[PDB]
Structure formats: structure tokens, C-alpha cells
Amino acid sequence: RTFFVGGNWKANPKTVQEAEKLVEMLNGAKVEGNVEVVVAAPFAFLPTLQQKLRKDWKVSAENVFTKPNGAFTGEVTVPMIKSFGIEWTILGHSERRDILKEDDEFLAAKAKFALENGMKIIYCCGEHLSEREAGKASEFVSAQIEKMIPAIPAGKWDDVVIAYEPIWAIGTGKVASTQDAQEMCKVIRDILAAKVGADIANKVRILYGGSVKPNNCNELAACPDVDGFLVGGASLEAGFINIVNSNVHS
């Protein structure tokens, strides 16, 4: 598996002029090793990233809707994204599940629609504090992945990346360890192996999507089942390149 680093800008930066400055910084970064890099940005900034970002990396949307077009005011759709040459989207990020109330049925429909229309997806999952403290993390994450699995069209697993988010460690007063990252990425790989087979489990990149910074990326990357990262705030900073370059420890 090729190490994979996605930079999720989330709803940032505030201005397209800042977005262009960030792209200029990224374009001069010296990448070491072997790594697949994707940068996800707000919809309004996708055209300028697609125009200006280094072509050895790829641009990603942060969401898409379930339909090609139509009477869905405010939604952006897969064909719109693709018409710029953009090939990636994030789906099911904890912020969209938990704040914008996207449920698993909605997300499964997005995954199917995106994949059957030639997108690649970064599909996010992860358990909350109650399930973590009950000792039911693997059961919760399995339920999420089991909803995702039937949505993946035949022959499309090459275009699926899964990100694990330790939601239990976001705004809760608890922090995740490196061992927690390894354990939960391994849990996901074992769910894949049991439900769709070892061949698929061995090729799907499973990312850690907790807090990833220059000070912990190397140790996280070295974990055997951690295939990369879905990076939050550090993707807006020069430290993103440290994280990209952590692949050499994997």
C-alpha cells in the first residue's frame, strides 16, 4: 500500500487570497519518500486549487450530494466537481455527521453515487466517548463500516480510502495515544478482512484522522496498520510537509 496523506482544510481559510498563498507554500515543499497527497478545500476555493496546485498532488472536495443535479439549493454535486478535473471527495466526516446530522444511509448513498461516477472517496468513521468508555468502540465502528460496504460498487475498492476519527478525543478532555491509532486502524482492517476478504483488506489504505502534528506524525506513521493521515489544522501550516514526509517511517 502507498502511504496516503489528505490535508483537510475544513472551512478554512477565510479568503481565496489566503488559499492562493497556502497553495504557493505547498508548491515549494520538498516531498521525501513515496506518498499520495490529496488536499481538500471549501467548494468556492476548488477552482483555484485545481488551477494552481502542484500536479503531482490531487485536489479533493470536502463533501458531495447524492444526486447529479436538480432541485437541491445549496448543494454541490459530483459532476460539478468532476468538470474541473477533481477526482476526490471526503465523505462522512465527523463534523458533517455530528453537526450537520448526516446519517449512515445518506452517506452510503453518497459513496455509491460518487464511486459509480468515477470519484475516489475518503470515507470517515469513528466512535464517540460513550461507546469508547463502554468498551464498544469496535462494535460501533463495525456498524459504520458495515453500512458502507454494500455501497461500494463491484470493482471500486481501489478507489476507497477509510479514515478513523477518534471523536471520543475531540472536545472531551480525553486524548488519544499512538497505540489507540494503531488499534483502531487494525480493527477496521480486520472488519474488512472478515466481511469482504483479505485481498481488499490488504489494499485499502486506512488513515488516522485524529490530531496529527509534526511532533507525533513519525511515531504514528510507523504503526503497521496506519497507512497515513487525514490531517486537520496542520494542513493549513508549513508543518503539513513534515506529516507528508512521515511516510518514510511507515
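Numbers for residues come from their place in the sequence shown, where the first is 1.
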**Report entry** Given 26 to 34 and 221 to 229, the range whose Cα B-factors average higher in the PDB entry
**Finding:** 26 to 34
Query - Mean C-alpha temperature factor, higher of 130 to 138 and 147 to 155 - result: 147 to 155
Query raised in the report: Looking at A40, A193, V64, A44, which has the highest CA B-factor as recorded?
Result: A193
Requested in this report: Would you mind checking which of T73, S83, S94, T172 has the top Cα temperature factor in the PDB entry?
Outcome: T172
Report task. Can you work out whether the C-alpha temperature factor of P166 puts it in the lowest, middle or highest third of the chain? Result -> lowest
**Report entry** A238 - Cα temperature factor, lowest/middle/highest third of chain
**Finding:** highest
Query raised in the report: How does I121 rank on Cα B-factor within its chain, lowest, middle or highest third?
Result: lowest
Requested in this report: Taking the chain's C-alpha temperature factors as the reference, tell me which third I90 falls into: lowest, middle or highest.
Outcome: lowest
Report summary line: In terms of its chain's C-alpha B-factors, the third that includes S60 is the lowest
